[PDB]
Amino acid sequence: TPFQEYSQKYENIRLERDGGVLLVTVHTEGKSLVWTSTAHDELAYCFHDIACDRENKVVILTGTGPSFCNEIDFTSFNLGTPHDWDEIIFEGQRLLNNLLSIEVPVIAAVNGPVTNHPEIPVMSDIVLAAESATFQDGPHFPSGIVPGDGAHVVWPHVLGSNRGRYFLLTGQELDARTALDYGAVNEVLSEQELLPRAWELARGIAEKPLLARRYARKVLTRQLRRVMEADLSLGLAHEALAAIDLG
């Protein structure tokens, strides 16, 4: 399906493309994204659309306003039965598997705090953070929920073994410069410079030969793909069991 169709399918995702550089901006009515079942499932479907559309040369992922995503509407999720958890398991797999199936480089521009699926931006090939960006996993273990949704794969992968486990268990908040030092972020920029820097990088990548661009991505995500396939759905099933047990 062509850009003109899918670019307007998503209430929580603005999609704008210029010169084959796709800017994907998550949002709730134009304010910082409030995480919902709807935003979750839209991102999974949107990632699929982006991946299937060859005219996307490079992807920039960002939020809007003061936060990337640090608010949630728990009333929007059904977390009580195996029935409802299989819906979450199935689209949770597609969320991260569709992200990794995108075959062009992905740049994150983290504009502010993220506490819901904070692993998504740090799965990108280039990670840029505003001075105010932070990363934190409060909705999992600090809230009595298994970090089994990809968090358990990605954070030890990107922070290393012990920083990753500690981050996940203690609710540590990583600010922009700590994330930079831990190697999860590549550049810290003022808020005003963040998106211009993403576009500059993206344009440079977009100028490279078609197949060079596409294959850079493919050769660079091999190990992440292997560990996601190994551990993601095991995490999700365990997180589901633990969550159902609360009732």
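From 1 onward, residues are counted along the sequence shown.
Chemist: Given the B-factors recorded for C-alpha atoms, which segment has the greater mean, 68-76 or 169-177?
Modeler: In the deposited entry, the stretch with the higher C-alpha B-factor mean is 68-76.
Chemist: If you average the CA temperature factors as listed in the entry, which stretch comes out higher, 229-237 or 6-14?
Modeler: Looking at the recorded C-alpha B-factors, 6-14 comes out higher on average.
Chemist: Tell me, please, which of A184, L189, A206, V219 has the highest C-alpha B factor according to the deposited entry?
Modeler: Highest CA B-factor of the listed options: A206.
Chemist: Highest recorded C-alpha temperature factor, please, choosing from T81, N116, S132, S124.
Modeler: Result of the comparison over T81, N116, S132, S124: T81.
Chemist: Test of reading the entry: by CA B factor among the chain's modelled residues, which third contains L95?
Modeler: Ranked within chain, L95 CA B lands in the middle tercile.
Chemist: Compare the C-alpha B factor of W155 with those of the other modelled residues in its chain, then answer lowest, middle or highest third.
Modeler: It falls in the bottom third of the chain.
Chemist: Mind checking which third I120 falls in for C-alpha B-factor across the chain?
Modeler: For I120, whose C-alpha B-factor we compare with every modelled residue in the chain, the answer is the lowest third.
Chemist: Check where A108 lands among this chain's C-alpha B-factors and tell me if it's the lowest, middle or highest third.
Modeler: For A108, whose C-alpha B-factor we compare with every modelled residue in the chain, the answer is the lowest third.
Chemist: Where does the C-alpha B-factor of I102 rank in its chain, lowest, middle or highest third?
Modeler: Within its chain, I102 is a middle-third residue by C-alpha B-factor, going by the deposited values.
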